[PDB]
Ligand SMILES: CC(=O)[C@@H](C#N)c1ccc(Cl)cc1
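Given as structure tokens, the chain that follows is alone and in the form solved without the named molecule.
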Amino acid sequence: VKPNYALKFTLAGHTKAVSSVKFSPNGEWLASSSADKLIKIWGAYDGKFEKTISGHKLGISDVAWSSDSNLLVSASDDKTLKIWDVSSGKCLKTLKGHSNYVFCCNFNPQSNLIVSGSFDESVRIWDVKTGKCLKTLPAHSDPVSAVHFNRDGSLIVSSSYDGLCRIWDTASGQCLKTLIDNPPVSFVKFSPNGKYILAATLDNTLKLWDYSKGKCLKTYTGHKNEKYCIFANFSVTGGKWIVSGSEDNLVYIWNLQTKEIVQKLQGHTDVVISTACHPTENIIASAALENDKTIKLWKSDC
């Protein structure tokens, strides 16, 4: 079985490169962030523009949803994160403490915490309610490319240009494990079940790691990734795929177990910096850099 993603919508409105797209947990919405300093909200199923959320003074690298789909957090070159009320568009909190661009962010499952990664080489854990930094982890020796909580929020995985992936105990901030050749690690995230870590390196390679055993299980290649921190995903709604953007302007889809490329989605006219997989339907969102500036929604039968 191969999927058969086809283009459903192209979403225009950002005036600079799109940095990140993410589906709301409830499936209703896509949020997009951009170098244009804006967040935009779009209907997941009809592609309809809903609203613009503004307030950052510089570009945004990443955005993430709370579990109840009511809040967003954004990470900005203004050295802050902001927590947003999606319905009102209002900034509830500005999270201050990083000493350089904030690059990546995520809520925990409970959504009482946010984790952030920065060019300042640190990972910070923030209290959503107070907006105060709870912990600063001296996580890496170069910019942090990704941060992600596991299924229950007990662990954080981080990645860096330093060539390391590290796993952190949330409660204590202590490092439990380093996975260490050491090309820049450009992306990491836990599998939905929390057992595996998907890691991108800037040698055109994605790898699936068993967290428990610290061993590489699968390698995915054929795409182009030597420059940018490109988001990758587990697609679990139909077939079990790996989905990534690519610097050849394509969305790549692999069979997770066999590692074969099963589909390449053509249409973007710049680097596909971000992909996201819908929580319940076989829908991918993709987004591209400044020669394109659009988001595409794609749908598959499997």
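We number the residues from 1 along the sequence you see.
There is another form of the same protein, the form deposited with the named molecule bound; it is not shown, and what comes next is about it.
Annotation: in the bound PDB entry, residues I83, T130 and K132 none come within 4.5 Å of the named molecule through any heavy atom.
Here the chain stands by itself, but in the bound PDB entry one stretch of 84 to 92, 187 to 195, 168 to 176, 121 to 129, 187 to 195, has heavy atoms within 4.5 Å of the named molecule. For the residues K48, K264, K51, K240, the 4.5 Å heavy atom test against the named molecule in the bound PDB entry is passed only by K240.
Although the partner is absent here, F234 sits close enough that one of its heavy atoms falls within 4.5 Å of the named molecule in the bound PDB entry.
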